[PDB]
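Residue numbering for the sequence shown follows the deposited numbering, starting at 3 and increasing by one per position.
Just so you know, even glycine gets a beta-carbon here, dropped at the ideal spot from N, CA and C.
Below you'll find the structure, written out as structure tokens, and then a few comments.
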Amino acid sequence: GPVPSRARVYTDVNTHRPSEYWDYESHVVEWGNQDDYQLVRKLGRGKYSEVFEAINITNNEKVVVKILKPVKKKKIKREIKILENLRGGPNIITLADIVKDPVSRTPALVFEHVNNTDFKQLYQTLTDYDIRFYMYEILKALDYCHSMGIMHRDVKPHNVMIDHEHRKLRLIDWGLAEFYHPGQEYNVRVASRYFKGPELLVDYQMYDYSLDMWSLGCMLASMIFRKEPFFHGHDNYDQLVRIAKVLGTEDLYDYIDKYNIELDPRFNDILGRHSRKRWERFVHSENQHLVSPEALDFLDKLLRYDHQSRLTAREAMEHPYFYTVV
Ligand SMILES: CCC[NH2+]Cc1ccc(-c2ccccc2)c(Cl)c1
């Protein structure tokens, strides 16, 4: 069968804590009064969630209300428990209240408001420095949640809110987040296609916090090379092929040999043979002002097939790419 794996950092944080911390199924959720909140406007729509800008009428303060289509109670409980556990962590979205509609009884999560700047105007004005600055703010959030025994599992630009004027960053949407337990086999149907780590695409279930480090490398590559998304797969199988077109098929076979992974037969006719590409080949006139040897060394240490060989969030924060920050 497949070779077992465990995280290189924060491996046993949940093992040494009481069940109350990680047993989200047994957590008691207490709903506030939705009458304290007046919905202003629709901010977005997810699979089972509608996000609104709201007013807390009791203090005239702006909040964000995430109304969830209750399709799975267990999932809702998991998200609430994780949000409560992480509350007050650096750059983590703050859950302020948990409420139900007196009538429809739909669950709704109330969060601190984030004045997210339009990224379409932001992407062109961001400098080498701004990318280093915001990448470090995301690392703060990830080192924190991993130290708390949680993996986000949905790291992507749509889950990162930036108030550029106040240089404020928040990692949101903890709906796919999970407690890390060493040796546990997780569902690979997590993260958004372009940000899915090779472990997920080869169906290697014993993954850890390092999944988030792959996803972060994908956002970093798209930002520094101005190529969105960086790995543009059309399905989950093709997504591995797009990765192999960059990292090469040689290191891919080394990774699946190391963990005795059985490669799905659907990869037989699409994978082909690809050489390992130098990161310098993605440098062009449109992006050379954001690229540096430090950035390429940093990216090379995140985008690795072997989830164990990737930098942890703490090792990443210590990289020379961040010397000019904070
Ligand atoms: C509602 C869409 C929110 N998205 C905002 C956003 C999120 C992340 C980034 C970012 C990605 C990589 C490195 C540095 C920053 C940016 Cl530029 C913009």
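I believe residue i touches residue j by the beta-carbon criterion, under 8 Å. Please report the beta-carbon distance rounded to the nearest angstrom.
i	j	result
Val248	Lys279	5 Å
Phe300	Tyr325	With 8 Å as the limit, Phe300 and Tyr325 do not qualify as a contact, their Cβ atoms being about 11 Å apart.
residue 2	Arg283	Limits of the chain in this structure are 3 at one end and 328 at the other, which puts residue 2 out of reach.
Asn16	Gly151	4 Å
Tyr23	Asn87	7 Å
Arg312	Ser212	5 Å
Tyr39	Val112	6 Å
residue 411	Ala193	The requested residue 411 does not occur in the structure, where the chain is confined to residues 3 to 328.
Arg8	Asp210	7 Å
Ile226	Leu173	No, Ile226 and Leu173 are not in contact; Cβ-Cβ is about 20 Å, not under 8 Å.
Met208	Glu230	Rounded, the Cβ-Cβ distance is 31 Å, inconsistent with contact.
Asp214	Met153	6 Å
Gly235	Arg195	6 Å
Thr314	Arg10	6 Å
Give me, in chain order, the residues of the same chain whose beta-carbon lies closer than 6 Å to that of residue i; leave out the 5 immediate sequence neighbours on both sides.
i	result
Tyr12	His148, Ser149
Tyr257	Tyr307, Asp308
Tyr26	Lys79, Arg80, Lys83
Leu85	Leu97, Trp176
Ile263	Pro4, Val204, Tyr206
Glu55	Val42, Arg43, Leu45
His321	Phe300
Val66	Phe113, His115
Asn161	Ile174, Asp175
What first and last residue would you give for the alpha helix (DSSP H) that runs through residue i?
i	result
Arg80	75-88
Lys247	238-249
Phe121	121-127
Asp302	295-304
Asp214	212-227
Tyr23	21-24
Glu317	315-319
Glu201	200-203
Starting from residue i and walking both ways along the beta strand (DSSP E), at which residues does that stretch end?
i	result
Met137	Per DSSP, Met137 belongs to no beta strand (DSSP E); it is in the alpha helix (DSSP H), 130-149.
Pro109	109-114
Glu63	63-70
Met163	162-165
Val31	Here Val31 belongs to no beta strand (DSSP E), and DSSP marks it neither H nor E.
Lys102	97-102
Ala179	From DSSP, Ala179 is part of no beta strand (DSSP E); its letter is neither H nor E.
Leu171	170-173
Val192	It is not in any beta strand (DSSP E) - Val192 carries neither H nor E in the DSSP assignment.
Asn16	Here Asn16 belongs to no beta strand (DSSP E), and DSSP marks it neither H nor E.
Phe54	51-58
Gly46	39-47
Using a Cβ-Cβ cutoff of less than 8 Å, which residues in the same chain neighbour residue i once the five nearest sequence positions on both sides are dropped?
i	result
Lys260	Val5, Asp308
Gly46	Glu52, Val53
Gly90	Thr96
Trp33	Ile100, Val101, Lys102, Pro109
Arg19	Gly151
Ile272	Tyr239, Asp240, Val243
Got a sec? Which residues, its chain only, sit under 7 Å from residue i by beta carbon, not counting five neighbours each side?
i	result
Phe197	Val157, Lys158, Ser217, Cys220
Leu254	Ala246, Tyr307
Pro92	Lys142, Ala143, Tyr146
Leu265	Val204, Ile258
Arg268	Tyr239
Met137	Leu222
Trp281	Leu298, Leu301, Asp302
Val327	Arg134, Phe135, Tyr138
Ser224	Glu230, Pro231, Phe232
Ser277	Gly250
Between residue i and ligand 3, is there a pair consisting of the residue's CB and a ligand heavy atom that are separated by less than 7 Å?
i	result
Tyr136	This structure lacks ligand 3; its bound ligands are ligand 1.
Taking contact to mean 3 or more Cβ pairs, one atom from each stretch, closer than 8 Å, check whether the region 207-221 and the region 291-310 are in contact. Yes, they touch.
The region 176-191 in contact with the region 69-84 per 3-pair CB rule at 8 Å: Yes: the two stretches touch, three or more of their Cβ pairs being nearer than 8 Å.
I want to know whether the region 226-239 touches the region 189-203 - three or more CB-CB distances under 8 Å. They touch, by the three-pair rule.
Inspect the CB distances between the region 117-133 and the region 159-171 and report whether three or more fall short of 8 Å. Using a Cβ-Cβ distance cut-off of 8 Å, the region 117-133 and the region 159-171 are in contact, since at least three pairs of beta carbons, one from each stretch, lie closer than that value.
If contact is defined by three or more beta carbon pairs under 8 Å, each pair taking one atom from either stretch, is the region 122-132 in contact with the region 58-72? With the cut-off at 8 Å, the region 58-72 and the region 122-132 do not touch.
Under 8 Å, with one C-beta from each stretch per pair, do the region 182-189 and the region 286-299 reach the 3-pair mark? The region 182-189 vs the region 286-299: no contact.
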